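Step one of this worksheet: look at the structure below.
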Number of protein chains: 2
Amino acid sequence: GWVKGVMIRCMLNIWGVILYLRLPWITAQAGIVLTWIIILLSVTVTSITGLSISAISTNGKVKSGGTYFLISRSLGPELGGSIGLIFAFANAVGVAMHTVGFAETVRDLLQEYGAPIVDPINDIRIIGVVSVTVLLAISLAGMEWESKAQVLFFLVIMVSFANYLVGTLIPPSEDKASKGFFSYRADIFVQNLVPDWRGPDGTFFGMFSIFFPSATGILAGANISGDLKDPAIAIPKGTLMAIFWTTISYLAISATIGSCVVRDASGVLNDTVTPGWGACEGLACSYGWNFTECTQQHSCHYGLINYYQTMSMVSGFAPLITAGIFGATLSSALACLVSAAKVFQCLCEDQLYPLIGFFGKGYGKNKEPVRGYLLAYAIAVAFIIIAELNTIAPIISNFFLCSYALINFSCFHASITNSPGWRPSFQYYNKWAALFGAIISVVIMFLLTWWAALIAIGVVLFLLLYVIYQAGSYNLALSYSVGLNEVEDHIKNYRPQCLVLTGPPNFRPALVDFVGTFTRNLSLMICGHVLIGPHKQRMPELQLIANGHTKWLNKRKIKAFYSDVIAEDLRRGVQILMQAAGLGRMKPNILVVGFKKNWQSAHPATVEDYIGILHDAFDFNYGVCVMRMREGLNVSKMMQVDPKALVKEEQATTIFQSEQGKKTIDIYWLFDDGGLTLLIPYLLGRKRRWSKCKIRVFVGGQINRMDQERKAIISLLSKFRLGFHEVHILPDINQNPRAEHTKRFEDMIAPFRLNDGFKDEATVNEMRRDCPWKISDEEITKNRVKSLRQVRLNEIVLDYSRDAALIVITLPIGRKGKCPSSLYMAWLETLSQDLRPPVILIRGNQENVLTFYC
Amino acid sequence: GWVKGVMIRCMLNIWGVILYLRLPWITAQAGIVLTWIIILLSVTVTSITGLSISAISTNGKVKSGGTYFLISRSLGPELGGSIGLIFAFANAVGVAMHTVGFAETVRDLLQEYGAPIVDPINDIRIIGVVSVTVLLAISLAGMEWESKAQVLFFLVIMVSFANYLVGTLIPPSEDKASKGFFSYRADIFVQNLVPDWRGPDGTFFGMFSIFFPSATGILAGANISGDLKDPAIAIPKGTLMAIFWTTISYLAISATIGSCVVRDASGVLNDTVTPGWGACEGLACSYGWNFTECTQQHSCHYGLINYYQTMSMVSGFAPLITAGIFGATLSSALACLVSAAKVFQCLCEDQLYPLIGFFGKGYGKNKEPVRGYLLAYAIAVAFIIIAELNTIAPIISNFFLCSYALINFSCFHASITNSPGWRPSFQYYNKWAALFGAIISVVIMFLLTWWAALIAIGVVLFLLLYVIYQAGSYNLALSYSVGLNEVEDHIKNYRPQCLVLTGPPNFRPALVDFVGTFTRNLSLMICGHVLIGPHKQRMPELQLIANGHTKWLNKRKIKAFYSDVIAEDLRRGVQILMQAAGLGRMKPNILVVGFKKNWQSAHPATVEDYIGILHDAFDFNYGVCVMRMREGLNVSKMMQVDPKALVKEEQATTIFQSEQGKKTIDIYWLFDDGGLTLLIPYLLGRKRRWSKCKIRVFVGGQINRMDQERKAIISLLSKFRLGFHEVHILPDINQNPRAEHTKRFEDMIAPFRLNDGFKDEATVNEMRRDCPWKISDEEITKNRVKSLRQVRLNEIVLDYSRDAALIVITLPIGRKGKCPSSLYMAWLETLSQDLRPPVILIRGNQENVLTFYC
């Protein structure tokens, strides 16, 4: 339920050692008014944190429970992981504080009854170590008696409170009056209403740092959210009621102990007032006691400000309050230890931090964090070695204030940024109240001591930034794609979607880098390897080889999407890839095909396949490009870096980027239909390294007009962001070429004079003028026109461009049925046959433009 | 250039009041060693910040930009705005500091002539406010000549340094020796090597806070940008050289003033030691000077630790050092004043903060920040009212340390997160050096004083958090989906990428719906429509058809991509789309096929093509699935105005489409592997529609042991939440053969014997064995028992699951070369016979299981 399950659990964890041992002393040094102010200032922070905790408990629905699990699932991995670690450390030090208080009580019992062990501080150390070892032994094995222990502890604390209140009303005896107790008196109340400020810790915030661990423990209700009936209505009321009732108890005890005991008293029973004309100085003189001797010399042993166990002295039966101290300290220490271990284990099971993951495994059948229990025990022992409560308490105040500020600010952050899963139903949660609580918690943390607060904030920032440096990554790409399913065919975004042939990626990598240069974070570039084996498709050995190849490619920091194809020949192999690659609107639009360095050496029939590539690409309304670099195409000389992944020379391509380019692109327009002609040069022409480029826009501009035909391209020039009027009119585009060049063009096809790959087509010629080698207006009979033109282009490139870093060569057009594949190949070969420049071939598909950069 | 452009004006801003007024006093209170440590510790912070600033300057080619512009464009707006605000405030307070130093110098000058105004402190206030008003008047109008005033200031400071050194070289005069300066002496150097803390400000960090303004002024090099020939080379050299040379000057002045002036001296010229025995003490006694009275009485007026103007006294010509102080102060204060105003104006140009202060508005033709100038003047006057360098300097140290820590951490943040616009070219920039600089800056800021450091940090946090609080996806894909291309392969999450073959999307819409409600933002679903085109694409209008189908899909709630493949048949027709659909990881993983229910009407070729897709899916590691309906998946759409969404009638046939599933789904998963067999109804179950259907597990096979295998299944069920433990036994497959069910099958496979139309099979078979059911290790003989099992599965569909949402039977498996096509197709027809509700068959590729949803 909510009473015993939640409120009593929070009660037993909030009530602890400072309630019995230091609250009367805080009331003595700070007075009743400032002690109440301290109590209320701590309760403000803890109640604002409790409202955030209640909002967390009402957010969504969590069935397993746990403080770290609730906070992290409601607030996030970064803030949740910082909270689950600072809170775990704070709970580990709380064990040390409560065990030190229990050890101090046992030491006082030994001093009054019997003999001490070694030394009043060393006895505290020894008893604390032994008691924390016993607590660890109980936690590891023997955690089934917890309901009975909870009932016994709550009843013993109730009995201690009742006995203290009963003995306070009793009129003082000789011993109690000697020790400073005079029942209730207005004079003592008025005297103790004001501070005294003795010792090094006499300070308002010095007292706040010692009292504050009396207000912590409000997170015990959230620890068992899974093991409750209805957490959304049980955790808030239980936590808030526990905070309220413990606040009432602290205020009442402070008020009644301030009004009963004087600050200074001496245990000597002879200090009763002598019947004569004495010089009695203190307030106790009116009550018949003479405490001047020690009060003037600051050597009193008893009193509110000098005796730490005055609460037990005041009461009717000291052993009952001793049992109450034992119960409170043991319950709080056990709760802190088990909470630290369980939060740390759950935090470690979520791999958010590198090295803590070792303390994440459980033992036995219920998976107890034995490693976490041992780490918490080690931290507790280390802080127990400090045998002073007034030293441990400020540390716990700092770390619990840091944890509460973190929780409050995490709730405020989740509220202000409208976090997805952050939907609190708690009626009394306000994000500005949480922000105020976090701010005041940090301010108080720095006010108690600045260096420990700085260390805590530094650790918090380290963890938060480490984590920063059910979201999912696959579903996001899917969501963006389907959102694009509603993309507008309107303003067709003719991004340079391209399809690339490389075969194995380690071979022909010049294309890879090339189409990798541009469309970097601009569009899609798809690599394409076609396996040419028609028999035994390596279904098993396809993903693995791709993996390896993609890793190599990825090691090159490329931006592509390799693709594997099985087929019998090149033609149908790429035909499969072009019309089915991508998905929906996410489809490739441009094809680039690697040239075969050795085509005329042997294997004649491959000309058909290679030219069918281009013809089917033309018919498919794709973009088309050829690939032939300075050096040989296929890498077959290795047996004497090699993996571009390791090292990628790619000089032929890297020249443009690695080296600062001083020579420019040269294009032309003999085929005006090609719109891409102003895009592929645009794309590549606009890259970081490609920055250095004095764009030479060579175009067949109108021989008389440079302002409406050439500027027709200049008005459009703006969108292509060209900014160049370099329209170099070279009307010598197709002038009669060199005699020698035509000669070579011919005997090039002399071996292939026949349509060897076209017997069928020869029969067609046979029935049509029987043209064996010369073809009317198709080969050289009349088609020579285009051949002499293209060769003139070659002369041009070789004369004007001469040494040309790169050339935008427009692939010429041949329509099937009026020109053979042979001549087409012949044209491809003669595009750059004389030498070996880098073939930056290009041609478009009469598609619209001005997509990139307007 | 770089010298005069950067380093000369960085020195002029770094040199200021503390160089002449408090450095000797710091060397007096702290030791020479401790003063050197302070200087080097400040220079470490400023040099790390200078490295960060040099990295910022060499980032990109930002032109015509101040300090704030550079920082906010290289770094983020969130960090840039806070940096600009803190830097502007720090400069505004530095104006007050340098004006107070100038006023102190003028007040001392007035006192030495015996003409004070009102009193020491109020005279400082009056002179400082008048000076700062004159400074504001110069800054507003009359700055045109500040370009030539720079040379005068630099030459004046150089002359002051030379005069100080020359005067230090001079042997003592009677007046100078009386005032404490004798000369370079080893004894004085040794005496001043050790610290001597002699006031409220006497502490290591107390002197660090006063000195540190001597090291600030390096960002003065940053705001020059736009007036430099080459910032990427000028800014780093100038800034670092200025830091080095000013550090050298500070160290030299400290070590030379600590070696010639004693800490205690009296301006009385009669202290000269009187001859006789005496009891004279002190180091000066050895030089004939008995300063005993003041030293013991602590009433000395002169000396290093008492006189604030010791550089002036030591130097040969006092007015020259006064001129040097004037030049240094009026250069640093003017630089700070015209830096704070410009940074604030640029910051207010960016609508980054709500209360702009409107100081952003420029005046005149140069758009000078008159409003910003007045705000800076007001802040300077407010901090001038303090009129004490030892109090103003700690504030400026705090705020400049905050600014430098902010810059260093912002550079580190940009480096570690790999910001898109952060690619610094500075060779000596390291993000860990920047992190160290920011951390030590914050530590020193809190060490000097904690409350002002907390105020500055809170202001920075407030600003930062306030600022913190169409082929787009195409492009977004580049960063996410090609970021999805790089993802590990060891994730092995069996993404249920699904492929479908409904032909036209409108037709066979039931499969579309089924594959759409499932994978609704979970898995990729791709719609493949085959146009079986045997010629040139009919028209681009086909693309219109594509947009019409995508609109149809969007007219409902589908997340489909539409693609098409041109072919001449179906087997190859799907085969094209099969191994090329998708791209990289996103690629479809399983395949569903529109069942050609009509199979006894058309030639069996269609049936052979049909078995083709399933066999190919078996060879390509794909998943096979198939639906079936009573009225017709390939419903004739018989026809037996604004027609509304046919969804209503459609969903009648497609419950999943809209109707929340009510009746139970049953997985007749005779086959175990191919997890999708269960996954399909599973992520179908996740669906709210199917949340109303107990997921029935109809396992079948062995009867002797049931749960023995199940315990493996319930382990993977703990992983794949089921919520049930009752798997109904299907012993029908065995010992339960029903004759009338065999007779139908036989009468259902007649024209299907050797109807594969496989002439080669017939031939090879004919030369092996004759009869169409003789050579039957494959022909419905060895696998006949399988046909019995199939018809029994249908019978237990009619009994065990008489009614169900979808009867999920495991899709059968047939071996190529060991299972004929007609036998398999008849098996499927039995498994999905008539008079059944929607029915689905599945069989995965047994890659791995449990990968999804644990």
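So you can find residues: chains in the structure tokens are A, B, ... in the order shown, residues in each start at 1, and ligands are numbered from 1 in order.
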Hey, could you make a per-residue contact list for chain A against chain B with 8 Å as the cut-off, showing the nearest pair of atoms and its distance in Å to one decimal, counting only C-alpha atoms, sorted by chain and number, as CSV?
```
residue,atom,partner,partner_atom,distance
A:416,CA,B:469,CA,7.5
A:417,CA,B:469,CA,6.7
A:450,CA,B:450,CA,6.6
A:469,CA,B:417,CA,6.5
A:473,CA,B:484,CA,7.5
A:474,CA,B:484,CA,7.1
A:475,CA,B:522,CA,6.2
A:476,CA,B:480,CA,8.0
A:477,CA,B:481,CA,5.7
A:478,CA,B:524,CA,6.6
A:479,CA,B:521,CA,6.4
A:480,CA,B:473,CA,5.3
A:481,CA,B:473,CA,6.1
A:482,CA,B:559,CA,5.7
A:483,CA,B:473,CA,7.7
A:484,CA,B:473,CA,6.2
A:485,CA,B:561,CA,6.5
A:486,CA,B:554,CA,7.4
A:487,CA,B:470,CA,6.0
A:488,CA,B:470,CA,6.2
A:489,CA,B:547,CA,7.7
A:491,CA,B:470,CA,7.9
A:493,CA,B:471,CA,6.6
A:520,CA,B:478,CA,8.0
A:521,CA,B:478,CA,5.2
A:522,CA,B:475,CA,5.9
A:523,CA,B:475,CA,6.1
A:524,CA,B:478,CA,7.5
A:539,CA,B:620,CA,6.1
A:547,CA,B:489,CA,7.6
A:554,CA,B:486,CA,6.7
A:559,CA,B:482,CA,6.6
A:560,CA,B:482,CA,7.0
A:561,CA,B:584,CA,5.2
A:562,CA,B:584,CA,6.2
A:563,CA,B:584,CA,6.7
A:564,CA,B:579,CA,7.8
A:565,CA,B:579,CA,6.8
A:576,CA,B:576,CA,5.0
A:577,CA,B:580,CA,5.4
A:579,CA,B:565,CA,6.2
A:580,CA,B:577,CA,5.1
A:581,CA,B:580,CA,5.0
A:582,CA,B:582,CA,4.8
A:583,CA,B:582,CA,5.7
A:584,CA,B:561,CA,4.3
A:585,CA,B:561,CA,7.5
A:586,CA,B:474,CA,7.3
A:619,CA,B:536,CA,6.7
A:620,CA,B:537,CA,7.4
```
Residues near residue A:196, anyone? I mean within 9 Å using only C-alpha atoms, not counting same-chain ones fewer than 4 positions away, as a list in words.
residues 28, 29, 30, 31, 192, 202, 263 and 305 of chain A
Taking 2 positions as the minimum chain separation for residues in the same chain, which residues sit within 9 Å of residue B:358 when counting only C-alpha atoms? Answer as a PyMOL selection string.
chain B and resi 345+348+355-356+360-361+371-372
Among stretch 260-503 of chain A, which ones does DSSP assign to helix (DSSP H, G or I) (computed from the backbone)? Answer as an MDAnalysis selection string.
chainID A and resid 283:287 292:297 310:314 318:349 356:360 370:384 389:416 431:448 450:468 474:486
Which residue out of A:744, A:710, A:423, A:538 has the minimum interatomic distance to residue A:697 when only C-alpha atoms are used?
A:710
How many Å lie between atom CA of residue A:798 and atom CA of residue A:670, rounded to one decimal?
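So the answer is 17.8 Å.
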